[PDB]
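Here are the chains, one letter per residue:
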Amino acid sequence: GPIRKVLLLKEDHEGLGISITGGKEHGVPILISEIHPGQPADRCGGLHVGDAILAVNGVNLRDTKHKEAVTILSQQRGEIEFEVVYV
Amino acid sequence: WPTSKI
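As summarised from the PDB record, the model derives from X-ray crystallography at a stated resolution of 1.700 Å.

Student: I would appreciate a short explanation of the overall build of chain A in the present structure.
Tutor: A tally of regular secondary structure across chain A gives two helices and six strands. In chain A, the order of α-helices and β-strands from amino to carboxyl end is β-β-β-α-β-β-α-β. C-alpha extents for chain A along the principal axes are approximately 30 × 25 × 20 Å. Contacts spanning at least 24 positions in sequence make up 59% of the contacts within chain A whose residues lie at least 6 apart. With an accessible surface of roughly 4,600 Å², chain A has 52% of that area assigned to carbon and sulfur atoms. Computed over 9 positive and 12 negative side-chain charges, the separation of the two mean positions in chain A equals 5 Å.

Student: Looking at this model, I keep getting lost on the interface of chain B and chain A. Mind explaining?
Tutor: One frequent convention defines the size of an interface as the accessible area lost when the parts assemble. Contact residues are listed per partner, giving six residues for chain B and 17 residues for chain A. Both faces considered, chain B and chain A share a buried interface measuring about 930 Å² in area, 64% of it formed by carbon and sulfur atoms. Considering only the surface of chain B that becomes buried against chain A, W1(B), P2(B) and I6(B) emerge as the three largest contributors, covering 71% of it. Taken together, chain B and chain A are joined by zero salt bridges.

Student: What is the right way to read the pairing of strand β3 (residues 28-35) of chain A from this model?
Tutor: The two faces of a sheet get side chains in turn, since along a regular strand they alternate between them. Residue and element names in this part refer to chain A. Bridging between strand β2 (residues 18-23) and β3 involves six bridges; their strand directions are antiparallel. Opposite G23, over in β3, you have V28 as the bridge partner. Counted between consecutive antiparallel strands, the loop separating β2 from β3 contains four residues, among which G27 sits at a positive phi close to 75°.

Student: Mind showing me how you'd approach the environment of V87(A) here?
Tutor: All names here are of chain A. Looking at the secondary structure, you find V87 in the segment after β6 (79-86). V87 gets classed as exposed once you look at its relative accessible area, which sits at 83%. Distance in space between the C-alpha atoms of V87 and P37 is 22 Å, their sequence separation being 50 residues.

Student: What is the right way to look at the nonpolar core in this model?
Tutor: Residue and element names in this part refer to chain A. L16, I20, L47, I53, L73 and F82 are the most contacted members of the largest nonpolar core, which has 19 residues in total. Where this core is concerned, the elements lending two or more residues are β1 (4-9), β2, β3, β4 (51-56), α2 (66-75) and β6. Residues in contact with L47, not counting those within four places in the same chain, are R4, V6, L8, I32, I35, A41, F82 and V84.

Student: What is the right way to read the pattern of salt bridges from this model?
Tutor: When the charged atoms of two side chains lie near each other, side chains of opposite charge can form a pair. Residues and elements named next belong to chain A. According to the stated counting rule, one finds four salt bridges over all chains in the structure shown. Residue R4 is joined to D51 by a salt bridge in which the shortest nitrogen-to-oxygen separation is 2.8 Å. Of the two residues, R4 sits in strand β1 while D51 sits in strand β4, which places them 47 residues apart along the sequence. Judged by its relative accessible area of 1%, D51 falls in the buried class.

Basis of the calculations
- Residues numbered from 1 in each chain as written, not as in the entry; some residues may be left out.
- Chains lettered and ligands numbered in written order.
- Heavy atoms only, no water.
- Helix = DSSP H or I, 4+ residues; strand = E, 2+ residues; numbered from the N terminus.
- Contact = heavy atoms within 4.5 Å.
- Areas by Shrake-Rupley, 256 points an atom, 1.4 Å probe, with all protein chains shown as cover.
- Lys, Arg positive; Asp, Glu negative; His and termini not counted.
- Charge placed at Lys NZ, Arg CZ, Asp CG, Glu CD.
- Buried area = accessible area lost by both parts, 1.4 Å probe.
- Salt bridge = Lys/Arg side-chain N within 4 Å of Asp/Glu carboxyl O.
- Pairing = 2+ DSSP bridges.
- Buried < 20%, exposed > 50% of the residue type's maximum accessible area, 1.4 Å probe, protein only.
- Core = buried A, V, L, I, M, F, W, Y, C linked by side-chain atoms within 4.5 Å.

Written out as structure tokens, the structure reads:
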């Protein structure tokens, strides 16, 4: 599908509300496998199961290993911009 | 593949 830019708002006491799978060591993108109900990703409205996360806050995630992506993603705070695509 | 909640 089309590449989308999506804004997510979260407070410091919560996580993103996403489960991710995949990663470069597996030859696949960082993929959203769950959106946890009522948490920031669900509330933001524009992120969905099956989305590949291509970048976050200008940080490219297309060739990142799983744990690299976890560190990068969990570091982001407040108003967070995602670039995503559903295939 | 591994899965992490974040």
